[PDB]
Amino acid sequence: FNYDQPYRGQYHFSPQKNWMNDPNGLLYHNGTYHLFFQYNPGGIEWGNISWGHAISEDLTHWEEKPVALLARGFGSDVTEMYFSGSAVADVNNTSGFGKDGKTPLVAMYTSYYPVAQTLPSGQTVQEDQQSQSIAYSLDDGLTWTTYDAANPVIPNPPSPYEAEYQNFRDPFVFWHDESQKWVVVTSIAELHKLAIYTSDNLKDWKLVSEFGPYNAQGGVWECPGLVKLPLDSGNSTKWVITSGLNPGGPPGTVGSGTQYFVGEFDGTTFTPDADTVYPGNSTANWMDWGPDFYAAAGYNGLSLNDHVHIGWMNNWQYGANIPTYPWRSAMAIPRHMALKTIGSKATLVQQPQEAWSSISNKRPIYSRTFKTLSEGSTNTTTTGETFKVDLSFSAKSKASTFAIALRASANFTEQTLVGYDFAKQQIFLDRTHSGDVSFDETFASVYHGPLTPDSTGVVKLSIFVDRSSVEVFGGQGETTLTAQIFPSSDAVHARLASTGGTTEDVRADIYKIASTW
């Protein structure tokens, strides 16, 4: 397949055609990273929801595979859709689905029932009901068999929340080493509350605790996750819940986004750290401060220092209307997950997790240093559509802002600004004049994330640009900002801008990135 379309990210996953949303079933197994995803095999917007499937050895060079869970009745009257979920390698065959070949992979997902019906298990379900079901694969995830005999395995939300049967979804299951139990985290979406269950066999589930609400509650809670992360450089660890909400995303955005909580987990209860929850219902820990980072899900099958989340690089506010063809939506750059103590606070730090050395030119197309960069904008350079920018500069600068203007027309009336506001100590991304902004009135906006300078007073930004995206990693990765852009064919120019004064100790480098397709 030829992936050379305008706006087609060359180092972000997207399906060859049709609509994609949430990443699902993230599992590393026998050297392969599986990426399943909410997928419409019959259209360019949300519908006929199925689990699509792609694989890579390196989180970088993806190969699209056959649909893994195809909406039941697809092409006819659809009776079951496969909403979001997760997957594990049941290597000891606790499920009993293994035969005389490979031990099974097991997917746990939300069954959505568009119509009232009686299922092969004998259970009766209502119109628009959401329940938790499982499927298994004996060919390393290529094909899947749904557990018809007993699905759904968690039919109902916990008492007293039975009324929430239409909004009970997104199971994240994992093997908990410490308690030797399968643990699943689900969302009672409208109540902003997670329900946690345990199992010895992936089929029979017991409710063990509930978490939340805390912090951001301005939208339905979705896509919960729970992972143990290393803290700093020693043997300390903490558990982290990631969860999305829609709408009620980060400050300065309209629509969906991703928050997190740092704490501890004993096999049944997640206890938030005292400093991770804030009085009231607005202030939150944001995984990403931009508009386009949602349904962030973690990989199963990875070790302590190797954890990776993948996010959907779109926003429910306008996602249906982004000007892409013949596909719609991409995943963000995979995010390596860790914690660092920053300003006396355990803080999520992300690293851009791709095989950069396999696709990045070693010689920068642009490389300059300035003891003092003059107020104004520098000479123009040409970058193409796919590149990385490294910037570092002094927080003590007299300028009001320092930024790179990128994906710009030659006269810079079309451009995306990525920079730092010195007084506010914030990263900003201004996509107000970034190209096509016609499809939603909220798209043409400026976004902000907090970034305190390091101990040496240096501010560092790493910026990844692809055909329709910009991702900023600030500092060590403690602040990320992810935003789509839709620039014209000529929008391949860049320059530096020091506004309102000079910028001190500037270092700037740009490297071209090749296609992964």
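For every residue, the number given is its place in the sequence shown, counted from 1.
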Q. Where do the C-alpha atoms have the higher mean temperature factor in this entry, in 423 to 431 or in 355 to 363?
A. 355 to 363
Q. Going by the B-factors listed in the PDB entry, is the mean over the C-alpha atoms higher for 211 to 219 or for 230 to 238?
A. 230 to 238
Q) In the PDB entry, which of 84, 350, 400, 253 has its C-alpha at the highest B-factor? A) 400
Q | Top Cα B factor in the deposited entry, candidates 103, 198, 133, 143 | A | 103
Q | Where the record places residue 62 (Cα B-factor, split into thirds across the chain) | A | middle
Q. Residue 494's Cα B-factor: lowest, middle or highest third of the chain?
A. middle
Q. Lowest, middle or highest third of the chain for the C-alpha temperature factor of residue 346?
A. highest
Q | Ranked against its chain, the third holding the CA B-factor of residue 47 | A | middle
Q: Taking the values exactly as deposited, rank residue 169 by C-alpha B-factor within its chain and report the matching third: lowest, middle or highest.
A: lowest
